[PDB]
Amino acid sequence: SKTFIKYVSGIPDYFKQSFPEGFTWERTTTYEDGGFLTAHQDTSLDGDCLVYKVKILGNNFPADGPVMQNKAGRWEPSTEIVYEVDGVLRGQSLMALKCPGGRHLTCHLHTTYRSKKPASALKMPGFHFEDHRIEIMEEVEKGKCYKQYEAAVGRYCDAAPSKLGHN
């Protein structure tokens, strides 16, 4: 849901620029214990309402792992590196599930974001970071119903500045 990002430091917003046409994204998440989760998404704008259509194929999750056992606690916050490749945007991030007991199960996200606008009508952002805070606020049902919050920020590595003037 990349339309909802606070970009700081003048980093161009690839996603907000893509409208009214919108954008797509494609992703494979590789889990450290062998699971793969692949997804494709279309984002469109229907008047005032964003519309997402998602297709998912997941496989190779171990029967005894936290995912198939439904013993995943919560996501840690994560930071994505986002940069231009092949006239589109690539993203990679490391995410970590904080399982009950304290162990983390990690995964590596490989994403390509594709504008429905041609690259020539877009201001591409430079290499930067995108912080994602994803929290399940309530397990309403099972299994069946979840309330999920996200806060996202597009920024540079401000905490450890360059002494050459690089972002």
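Start at 1 and count along the sequence shown; that's the residue number.
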Using only the Cα atoms and their B-factors as the entry lists them, report which of 44-52 and 138-146 averages higher. 138-146
Comparing 116-124 with 23-31, where is the mean C-alpha B-factor higher? 116-124
Check where residue 103 lands among this chain's C-alpha B-factors and tell me if it's the lowest, middle or highest third. highest
Split into thirds by Cα B-factor across the chain's modelled residues, where does residue 163 land: lowest, middle or highest? highest
Residue 77's Cα B-factor: lowest, middle or highest third of the chain? lowest
